[PDB]
Protein chains: 2
Amino acid sequence: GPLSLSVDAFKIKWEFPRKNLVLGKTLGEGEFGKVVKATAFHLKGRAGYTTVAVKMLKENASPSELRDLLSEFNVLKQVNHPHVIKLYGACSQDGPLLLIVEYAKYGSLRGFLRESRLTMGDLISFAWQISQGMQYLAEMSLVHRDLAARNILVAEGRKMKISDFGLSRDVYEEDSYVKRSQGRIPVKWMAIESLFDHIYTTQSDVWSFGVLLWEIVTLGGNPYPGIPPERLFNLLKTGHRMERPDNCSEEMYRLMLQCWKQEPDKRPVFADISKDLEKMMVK
Amino acid sequence: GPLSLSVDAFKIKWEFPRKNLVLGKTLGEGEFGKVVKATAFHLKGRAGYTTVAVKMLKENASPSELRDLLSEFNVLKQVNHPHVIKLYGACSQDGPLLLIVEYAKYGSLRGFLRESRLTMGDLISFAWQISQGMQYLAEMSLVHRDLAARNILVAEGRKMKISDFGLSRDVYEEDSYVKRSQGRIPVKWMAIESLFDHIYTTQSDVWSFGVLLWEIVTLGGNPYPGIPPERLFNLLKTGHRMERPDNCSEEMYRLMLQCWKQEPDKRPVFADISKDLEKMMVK
Ligand SMILES: Cc1ccc(-c2nn(C(C)(C)C)c3ncnc(N)c23)cc1
Ligand SMILES: Cc1ccc(-c2nn(C(C)(C)C)c3ncnc(N)c23)cc1
């Protein structure tokens, strides 16, 4: 089927010797993958050991999780930008599939924020770096689909790295990705039209960006707090949106609202978003 | 879309007052659901409190997980058999969706087995009770799809209860369920034709039953140990199968093999399986 084809094609510059990789503690688990801290000997021109992160399948992986890991690999090969996690390689030939990437010292953005108390200007800087990465992926004709504080990494120097490319889809031909069956993206980050109509575009990424803004501004808050996901259908189509959080300027809130406009064409594009944020920074 | 329709239809005998339910410790998490121990006051004719288990959505649920929880509910309403977990009710009207079911004192079959050392006759008894439940579901025209030691519960008296109906599908019309996108069932329990062709039938359930037999016989072993899931495509179609485990009679092994025949029509049906196991019991 489509997977056996991919697996067979795959098994036929990115390959890294398994014997040169040493895995250590588990850094995190989750939807399709398990991530461990690791070290790699003689990695792509670097002398000695480099500290890296490695994603692999969890116990009892499904075809869906295998497909997602292969897809993330496929996407990460094609992208290169200061605000996107950097791929080093993979181990495929011996043992389970292992993807080797840049280690982000501070872990997830959500974790980093929740450990915090950081200025409003640090917050705007974070959002803006993410918007630049997103402007780059949108130019590559990729829809990311799973943008969220938990899927952004914070590297040395508090650099934002957009991560978790397992659900990212190429939209070169149509400028949208449409999925017949139900999505595996949390409902509380999905655009109204993704939720109801299974349509994903750069503008649905912009909606998710608005929820990410809310997460940044609340320092890792939980969106629509105390509201069950199943209530989102009706809440959204009756035109409700999250209220301005505490510690949020009105210009920041105004931007969140614009990202959550019902009509996708009415939301800003990532380039507008970046301009808006740089402007808040300098004022 | 199909989900908003279900959620709206749903929100329009099974309903239980949220105020009569008290939730306690987390019993387990996993693919679509979180399960907690709980107590329910005046549950369906029972005076006083009854100890129950409750499944709900995990944090950051996706449309796919919501759909699976609704589907499990829908299936559990229609089934009733001594070897299938019994539904009591749900809380929907206030707060998150909660499904209230029979509490299984010994937890999952896999956990129960791994805590063990139990006779061969206890083992055959377990398999046989599960085969009876499965013979009943097959007669109801349901394909279970996710049969595995982790999805069988052990209740008071060491009674097997088939559980986790989120992926079960009605096959009344065609005797098969076909899924275009990748399955969320672990690859190591899937029939060769489910893995390659996305076709699910009672006979693919029989394959999974063979893997479950292997799990019972090894006391909760890990199938195809040390073999990565992606190697299963080629291993399976080149005709390889797991070797006879230690502490396994040849008749038991012969049954596993028959469940794993390439041609689905060549595997036994659950009624043959039950006859085979009762025969091993009495001999
Ligand atoms: C392909 C791939 C590999 C690793 C990661 C990743 N996840 N995570 C967690 C989720 C533990 C914060 C990480 N933490 C630090 N550094 C990383 N590189 C990661 C993401 C994608
Ligand atoms: C709808 C539904 C509700 C609960 C369970 C369930 N899962 N589990 C675990 C997985 C913790 C062993 C249970 N353990 C004991 N009793 C139970 N009833 C369950 C399964 C399905």
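Quick note on labels: first sequence line is chain A, next is B, and so on, each numbered from 1. In what follows, every heavy atom counts, from backbone to side chain, and hydrogens, waters and symmetry copies are set aside.
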> Got a donor-acceptor contact below 3.5 angstrom from the A:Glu230 side chain to the B:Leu97 backbone?
Replying inline: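 Answer holds: yes.
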>> For the interface with chain A, which of B:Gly1, B:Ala148, B:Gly183, B:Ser181 has the highest count of heavy-atom pairs at distances below 4.5 Å?
In response: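 Ranked by contacts with chain A, first place is B:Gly183.
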What is the distance from atom [atom1] of [X] to atom [atom2] of [Y], rounded to the nearest 0.5 Å?
X        : Y        : atom1 : atom2 : value
B:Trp189 : A:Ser62  : CH2   : OG    : 12.0 Å
B:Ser64  : A:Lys179 : OG    : NZ    : 8.0 Å
B:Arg184 : A:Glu65  : CZ    : CD    : 9.5 Å
B:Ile192 : A:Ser4   : CD1   : OG    : 10.0 Å

> Of all heavy-atom pairs between B:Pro228 and A:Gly95, which one has the smallest distance, and what is that distance?
Replying inline: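 Minimum heavy-atom contact is CG-C, 3.7 Å.
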> If you look at every heavy atom in B:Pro229 and A:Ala61, which pair is closest and at what distance?
Replying inline: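 Heavy atoms only, the tightest pair is CG-CB, 4.2 Å.
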Are [X] and [Y] packed together at the side-chain level, in the sense that at least one heavy-atom pair is separated by less than 4.5 angstrom?
X        : Y        : answer
B:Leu3   : A:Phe196 : no
B:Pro63  : A:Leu195 : yes
A:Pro2   : B:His198 : yes
B:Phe233 : A:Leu66  : yes

>> Could you walk me through whether B:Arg150 and A:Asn60 satisfy the side chain to side chain contact (heavy atoms under 4.5 Å, CB included) test, starting with their C-alpha distance in whole Å, then the side-chain angles of each, then the deciding distance to 0.1 Å, before giving a yes or no?
In response: CA-CA 11 Å; B:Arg150 94 198 86 87; A:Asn60 305 332; 4.0 Å; yes
> Mind checking what makes side chain to side chain contact (heavy atoms under 4.5 Å, CB included) contact with A:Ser194, not counting sequence neighbours?
Replying inline: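 With neighbours one apart ignored, the set is A:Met190, A:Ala191, A:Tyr200, A:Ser204.
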